[PDB]
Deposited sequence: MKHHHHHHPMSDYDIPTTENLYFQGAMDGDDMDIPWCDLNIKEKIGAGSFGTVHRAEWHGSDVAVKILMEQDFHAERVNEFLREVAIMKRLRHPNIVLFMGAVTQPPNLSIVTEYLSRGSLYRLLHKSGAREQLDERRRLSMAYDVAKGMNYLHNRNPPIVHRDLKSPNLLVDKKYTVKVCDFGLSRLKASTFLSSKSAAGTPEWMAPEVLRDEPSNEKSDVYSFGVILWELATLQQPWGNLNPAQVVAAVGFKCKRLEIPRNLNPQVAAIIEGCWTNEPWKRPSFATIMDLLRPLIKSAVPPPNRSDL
């Protein structure tokens, strides 16, 4: 056999750190001339869980998804190797230095189209795949400002009507109200998460940030609180955002539809 997606840890020359998380650290590294990003785990049934995130990334092949390039399968330094996006997360990008001049309206909307295209790809796998944690921080930017979806660790396969485990994980500021209430959810929960991301690209603001997880669960989850949309916002853009936030998940548009509404907004 051999799919050639197995990497020896000696073949990787680790470089400067680029991010941190509960799972472990992440560094930029050199791999046979190629520039890659390595996701090392903290030195547990999670070993079986790791193989899950690896087996699932191999099933993903789309231009708007972070390119999986292999993995180290030998402890203690397990790692997930992917391509390197030199512009970091869209989150840190939207709120850094001067982004008004760098990121004009057309560019920001385009970035949203990239996300929708990738998300649409996921929802159309067999079985479909729910990201369960779609947020600005989990979106990385290309040298040429192409946005790719990343961090599929909390991503589960949806073969049934709803999700199964009730793992109920994900960042509260971006999760859908039904998820915040810890009740049956589906692919429509991601659509809501996107609603927030579109809001960020459209208004250049940070969602909440004056509220802790508990306060978010309470407000947005059980008290029908939603992010404020400025009257100044493009009605067509606002319309797309409001659609993704509908209280009835089945009333929210699919990413396929979201693409159809965004395409004309560009140029």
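Peer 1: Where along the deposited sequence are residues missing from the model?
Peer 2: Missing C-alpha atoms (numbering from 1) occur across the ranges 1-27, 71-74, 299-309.
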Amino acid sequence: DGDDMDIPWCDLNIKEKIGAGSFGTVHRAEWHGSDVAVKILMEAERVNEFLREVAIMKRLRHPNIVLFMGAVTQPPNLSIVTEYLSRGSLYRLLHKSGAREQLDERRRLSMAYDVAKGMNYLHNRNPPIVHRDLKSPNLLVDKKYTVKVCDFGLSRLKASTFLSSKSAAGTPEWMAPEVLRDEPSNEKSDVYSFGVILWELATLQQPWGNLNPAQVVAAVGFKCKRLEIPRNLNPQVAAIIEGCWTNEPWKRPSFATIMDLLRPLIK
From here on, numbers count along this sequence of modelled residues.
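Peer 1: Please work out which of 5-13 and 254-262 has the higher mean CA B-factor as recorded in the PDB entry.
Peer 2: Of 254-262 and 5-13, the stretch with the higher C-alpha B-factor average is 5-13.
Peer 1: Would 145-153 or 98-106 have the larger average of its C-alpha temperature factors, as given in the entry?
Peer 2: In the deposited entry, the stretch with the higher C-alpha B-factor mean is 98-106.
Peer 1: Checking the entry, which one of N138, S193, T82, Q74 has the top C-alpha B factor?
Peer 2: When the deposited C-alpha B-factors of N138, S193, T82, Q74 are compared, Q74 is largest.
Peer 1: Kindly indicate the residue among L122, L93, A159, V115 with the greatest C-alpha B-factor in the PDB record.
Peer 2: That would be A159, according to the entry.
Peer 1: Quick check for you: using the entry's CA B-factors within this chain, is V130 in the lowest, middle or highest third?
Peer 2: Its C-alpha B-factor, which the entry lists for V130, ranks in the middle third among residues of this chain.
Peer 1: Quick check for you: using the entry's CA B-factors within this chain, is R52 in the lowest, middle or highest third?
Peer 2: Top third by C-alpha B-factor.
Peer 1: Classify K223 as lowest, middle or highest third according to the C-alpha B-factor given in the PDB entry, relative to its own chain.
Peer 2: Tercile = middle for this residue's CA B-factor.
Peer 1: Please say which third, lowest, middle or highest, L198 falls into when its CA temperature factor is compared across its chain.
Peer 2: Its C-alpha B-factor belongs to the lowest third of this chain's values.
Peer 1: Would the CA B-factor of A214 place it in the lowest, middle or highest third of its chain?
Peer 2: Tercile = middle for this residue's CA B-factor.
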